[PDB]
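1. Sequence below, structure please.
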Amino acid sequence: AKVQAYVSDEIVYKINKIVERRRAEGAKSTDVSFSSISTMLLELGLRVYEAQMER
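-> Numbering: from 1, shown residues only. The coordinates are given below.
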């Protein structure tokens, strides 16, 4: 599947959903952010973290 658009860390869409889930739930402080939720992810190496999406 190759429809234009350069191939990059598609995971970008995965971390984007997490950060949003923060406010959607009622998060606080403006500390939440893609790069922010991303660093914490590397600690899990997208391991069990990728399970949250399951099939």
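2. At the geometric centre of the chain, which residue do we find?
-> residue 15 (0.6 Å; C-alpha atoms, centre = their mean).
3. For the chain, just list every one of the helices.
-> 11-25, 34-44, 48-51 (DSSP state H).
4. Send over stretch 35-50 as PDB, restricted to the C-alpha atoms.
-> C-alpha atoms of stretch 35-50 as PDB (Å, rounded to 0.1, in the frame of the first residue of the first chain):
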ATOM      1  CA  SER A  35       6.100  14.600  22.500                       C
ATOM      2  CA  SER A  36       5.200  14.400  26.200                       C
ATOM      3  CA  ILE A  37       3.000  11.300  25.900                       C
ATOM      4  CA  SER A  38       5.600   9.900  23.400                       C
ATOM      5  CA  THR A  39       8.600   9.900  25.900                       C
ATOM      6  CA  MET A  40       6.600   8.000  28.400                       C
ATOM      7  CA  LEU A  41       5.700   5.500  25.700                       C
ATOM      8  CA  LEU A  42       9.400   4.700  24.900                       C
ATOM      9  CA  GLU A  43       9.600   3.400  28.500                       C
ATOM     10  CA  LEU A  44       7.200   0.700  27.400                       C
ATOM     11  CA  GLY A  45       8.900   0.300  24.000                       C
ATOM     12  CA  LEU A  46       5.400   0.300  22.500                       C
ATOM     13  CA  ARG A  47       5.200  -3.200  24.100                       C
ATOM     14  CA  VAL A  48       2.100  -4.000  26.200                       C
ATOM     15  CA  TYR A  49       1.100  -0.400  25.400                       C
ATOM     16  CA  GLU A  50       0.300  -1.500  21.900                       C
END
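5. on that earlier part again, mind putting the helices of the chain into CSV with distance to residue 4?
-> Using the backbone N, CA and C atoms, a C-beta is placed for each residue, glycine as well. Converted to CSV, the helices of the chain look like this (distance: least, C-beta to C-beta, whole Å):
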stretch, distance to residue 4
helix 11-25, 17
helix 34-44, 23
helix 48-51, 26
